[PDB]
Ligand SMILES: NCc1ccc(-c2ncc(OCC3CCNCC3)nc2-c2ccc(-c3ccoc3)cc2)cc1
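To begin, one chain is listed below as structure tokens, in the form deposited without this ligand.
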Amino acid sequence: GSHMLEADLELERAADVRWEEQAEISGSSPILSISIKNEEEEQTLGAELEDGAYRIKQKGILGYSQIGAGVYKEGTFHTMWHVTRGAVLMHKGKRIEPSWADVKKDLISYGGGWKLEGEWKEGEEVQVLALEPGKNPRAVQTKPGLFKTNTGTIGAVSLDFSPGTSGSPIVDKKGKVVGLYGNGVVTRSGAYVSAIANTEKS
């Protein structure tokens, strides 16, 4: 084999994980990314990992491509299984390795088990803190729908962002992460929706 990584996947911090008051008022609001940053350039990249929402960027010969996003909380990085498929990640020269995954929930954690402790019950609204390829972070408030699964129930939001937003946090009014964007599941009625982890009852 090779002792090199098969892919260069780099993390880039983009936003604090918080409920945004402006998005509760207006339905959406831009969030600060920092010098204040006026434009995201996807192709460039930007005891040293802290809490927040990050982009995941894969190096190629044409530059970086944003393949997804995730959340650092309590020493653990959280993202979607489909985004990394267990590949090692880098942040500013530090390597982080997979620790836990659940392919059915489309989840994977690095550097510990799951730490995200947001909650949601029927009728509450959440904010998608979306890190889309090419865009500065934006908070968009939305009301999840409730769904029966073949083992209990789950909430979902509509798939209303780029696929490369997968792994961005969905926050409750306490600022805690109910789930991550981009776990696409099929409804009996034909629709694709984005299922929210933590909301699952089984």
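The numbering used is simple: start at 1 and walk along the sequence shown. Throughout, rigid core stands for the largest set of C-alpha atoms superposing within 1.5 Å between the two forms.
A second form of this protein, the form deposited with this ligand bound, is not displayed here; the remarks below concern that form.
Exercise for review: Using the pose of this ligand in the deposited bound form, placed onto this unliganded form by C-alpha superposition round the site, state open if no ligand atom is within 2.4 Å of a backbone or C-beta atom and blocked if 3 or more are.
Suggested key: This form leaves the site blocked.
Check your understanding: Wondering, does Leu107 line up within 4.5 Å of this ligand in the deposited bound form on heavy atoms?
Key -> Contact check for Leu107: yes, within 4.5 Å of this ligand in the deposited bound form.
Check your understanding: Okay, which stretch from 97-105, 68-76, 84-92, 122-130 lines this ligand in the deposited bound form, with non-hydrogen atoms inside 4.5 Å?
Key -> The contacting stretch here is 97-105.
Review point. Has the Cα of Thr153 moved 2 Å or more between this form and the one not shown, judged after a core fit?
Key: Shift of 2 Å or more: yes.
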